[PDB]
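In what follows, a single structure is set out as structure tokens and then discussed.
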Amino acid sequence: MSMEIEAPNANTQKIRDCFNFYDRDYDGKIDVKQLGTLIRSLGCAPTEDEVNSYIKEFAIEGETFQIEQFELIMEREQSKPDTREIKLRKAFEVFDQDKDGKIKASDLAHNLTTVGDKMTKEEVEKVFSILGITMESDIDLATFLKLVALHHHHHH
Ligand SMILES: [Ca+2]
Ligand SMILES: [Ca+2]
């Protein structure tokens with residue numbers, strides 16, 4: 001019984017796809033093995049530990065019933081991009097929603113303000129040292145690497 005809830009469709013649909021994929025049997029029930037069948041077919045995660053981690057965190061589990069479907073419903077979320085991928089991206093995402101782990105020079109210092117690091121001529125100065133890219137160059141995974149790896153500061 002819905003109650004005026006738009007919500008995303010791209011993900012909501014994905015779950016149904018993978019769900020009916022293995023549930024095609026039409027048994028009406030779901031086991032702990034079926035939930036992994038999907039990820040095992042496409043190879044989403046490396047080991048069941050991943051899916052089991054999030055799922056287990058949900059609450060509890062058993063042998064087989066039907067509620068197992070939650071695995072997919074949450075999978076679409078747990079699988080989504082988050083701080084888990086990058087630390088810096090986390091601070092940016094807080095302000096710049098468009099943040100996708102990489103942005104130009106404009107958005108770079110734009111979302112940076114969120115991280116509370118104050119990326120000045122210094123930050124960029126070194127960026128061209130390790131990353132080997134000028135200030136007029138968008139940042140990427142490699143960028144966060146040379147940064148997180150650098151490990152510097154001067155505020156305390
Ligand atoms: Ca089934
Ligand atoms: Ca962006």
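Ligands are numbered from 1 in the order shown, chains are lettered A, B, ... in the order of the structure tokens, and residues start at 1 in each chain.
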
All residues within 9 Å of ligand 1 are required, counting only C-alpha atoms and all ligand atoms; please report them as a list in words.
residues 19, 20, 21, 22, 23, 24, 25, 26, 27, 28, 29, 30, 31, 34 and 66 of chain A

Just C-alpha atoms for this one: save the residues we selected as a PDB file, in the first residue's frame.
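The resulting file, out_16.pdb, is shown below:
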```pdb
ATOM      1  CA  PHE A  19      15.163 -11.345  -8.581  1.00  0.00           C
ATOM      2  CA  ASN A  20      12.950 -13.013 -11.188  1.00  0.00           C
ATOM      3  CA  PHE A  21      16.198 -14.129 -12.825  1.00  0.00           C
ATOM      4  CA  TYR A  22      16.934 -16.782 -10.201  1.00  0.00           C
ATOM      5  CA  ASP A  23      13.422 -16.834  -8.743  1.00  0.00           C
ATOM      6  CA  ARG A  24      12.167 -17.687 -12.231  1.00  0.00           C
ATOM      7  CA  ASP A  25      11.557 -21.149 -10.776  1.00  0.00           C
ATOM      8  CA  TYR A  26       8.350 -19.675  -9.358  1.00  0.00           C
ATOM      9  CA  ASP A  27       8.800 -21.580  -6.098  1.00  0.00           C
ATOM     10  CA  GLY A  28       7.440 -18.626  -4.148  1.00  0.00           C
ATOM     11  CA  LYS A  29      10.248 -18.967  -1.615  1.00  0.00           C
ATOM     12  CA  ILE A  30      13.857 -17.787  -1.399  1.00  0.00           C
ATOM     13  CA  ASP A  31      16.927 -19.477   0.075  1.00  0.00           C
ATOM     14  CA  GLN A  34      19.630 -18.224  -4.458  1.00  0.00           C
ATOM     15  CA  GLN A  66      11.135 -15.542   0.979  1.00  0.00           C
TER      16      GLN A  66
END
```

Could you list, as an MDAnalysis selection string, all residues that come within 6 Å of ligand 2? Count only C-alpha atoms and all ligand atoms.
chainID A and resid 98:100 103

So which residues of stretch 39-79 of chain A fall under alpha helix (DSSP H) by DSSP, listed as number ranges by chain?
A: 39-42, 48-58, 70-78

Extract, using only C-alpha atoms, all DNA, RNA and protein residues at most 10 Å from residue A:94, discarding same-chain residues fewer than 2 positions from it, and format them as a list in words.
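Within the cut-off, the hits are residues 89, 90, 91, 92, 96, 97, 99, 111, 112, 114 and 115 of chain A.
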
Could you work out how far atom CA of residue A:95 lies from atom CA of residue A:149, giving the answer in Å with one decimal?
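Answer for the atom CA of residue A:149 to atom CA of residue A:95 separation: 23.5 Å.
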
Measuring between only C-alpha atoms, which one of A:76, A:87, A:146, A:33 shows the shortest distance to residue A:9?
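Looking only at the distances to residue A:9, the closest residue turns out to be A:76.
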
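Computed from the coordinates, the atom CA of residue A:124 to atom CA of residue A:82 distance equals 24.5 Å.
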
Give me, as a compact mmCIF listing (two decimals) with N, CA, C and O atoms, in the first residue's frame, all polymer residues having an atom no more than 12 Å from residue A:133, counting only C-alpha atoms and skipping those fewer than 5 positions away in the same chain.
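Ended up saving to part_15.txt:
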```txt
# COMPACT_ATOMS: atom_id res chain seq x y z
N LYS A 104 36.49 18.60 -12.41
CA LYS A 104 37.41 19.58 -12.98
C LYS A 104 38.04 20.43 -11.88
O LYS A 104 37.90 20.15 -10.70
N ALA A 105 38.74 21.49 -12.29
CA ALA A 105 39.39 22.38 -11.35
C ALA A 105 38.37 23.21 -10.58
O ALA A 105 38.57 23.52 -9.41
N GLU A 123 48.16 22.63 -2.29
CA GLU A 123 47.57 21.36 -2.69
C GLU A 123 47.81 21.09 -4.17
O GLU A 123 48.27 20.01 -4.55
N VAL A 124 47.48 22.07 -5.01
CA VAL A 124 47.66 21.94 -6.45
C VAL A 124 49.13 21.88 -6.82
O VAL A 124 49.52 21.15 -7.73
N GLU A 125 49.95 22.65 -6.10
CA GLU A 125 51.39 22.68 -6.36
C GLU A 125 51.97 21.27 -6.35
O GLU A 125 52.71 20.89 -7.26
N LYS A 126 51.63 20.50 -5.33
CA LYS A 126 52.12 19.13 -5.20
C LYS A 126 51.41 18.21 -6.18
O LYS A 126 51.98 17.23 -6.67
N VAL A 127 50.15 18.52 -6.47
CA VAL A 127 49.35 17.71 -7.39
C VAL A 127 50.07 17.54 -8.73
O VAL A 127 49.99 16.49 -9.36
N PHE A 128 50.78 18.58 -9.15
CA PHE A 128 51.51 18.55 -10.41
C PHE A 128 52.85 17.83 -10.24
O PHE A 128 53.54 17.54 -11.22
N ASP A 138 41.53 18.21 -14.38
CA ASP A 138 40.56 17.56 -13.51
C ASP A 138 41.23 16.49 -12.65
O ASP A 138 42.26 15.94 -13.02
N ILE A 139 40.63 16.21 -11.49
CA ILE A 139 41.17 15.21 -10.58
C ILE A 139 40.51 13.86 -10.79
O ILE A 139 39.37 13.78 -11.25
N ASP A 140 41.23 12.79 -10.46
CA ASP A 140 40.71 11.44 -10.62
C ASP A 140 41.24 10.52 -9.52
O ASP A 140 41.94 10.97 -8.61
N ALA A 142 43.66 8.57 -9.28
CA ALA A 142 45.09 8.77 -9.08
C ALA A 142 45.35 9.99 -8.20
O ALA A 142 46.21 9.96 -7.32
N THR A 143 44.60 11.06 -8.44
CA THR A 143 44.75 12.29 -7.67
C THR A 143 44.62 12.02 -6.17
O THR A 143 45.51 12.34 -5.39
N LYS A 146 47.77 10.21 -4.70
CA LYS A 146 48.93 11.03 -4.39
C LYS A 146 48.67 11.91 -3.16
O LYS A 146 49.60 12.29 -2.45
```

In Å, how far is it from atom CA of residue A:39 to atom CA of residue A:51?
8.4 Å

With a distance cut-off of 12 Å and only C-alpha atoms, select the neighbouring residues of residue A:155, excluding the residue or stretch itself and same-chain residues fewer than 4 positions from it, and output the selection as a CSV table (one decimal) with N, CA and C atoms, in the first residue's frame.
```csv
chain,number,residue,atom,x,y,z
A,116,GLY,N,37.1,20.5,4.3
A,116,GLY,CA,37.7,21.4,5.3
A,116,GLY,C,39.2,21.3,5.4
A,117,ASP,N,39.8,21.2,4.2
A,117,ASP,CA,41.2,21.1,4.1
A,117,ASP,C,41.8,22.4,3.5
A,118,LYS,N,41.0,23.1,2.7
A,118,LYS,CA,41.4,24.4,2.1
A,118,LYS,C,42.5,24.1,1.1
```

Could you pull the residues within 12 Å of residue A:54, counting only C-alpha atoms, minus those fewer than 3 positions along the same chain, as a ChimeraX atom specification?
/A:45,48-51,57-61,70-79
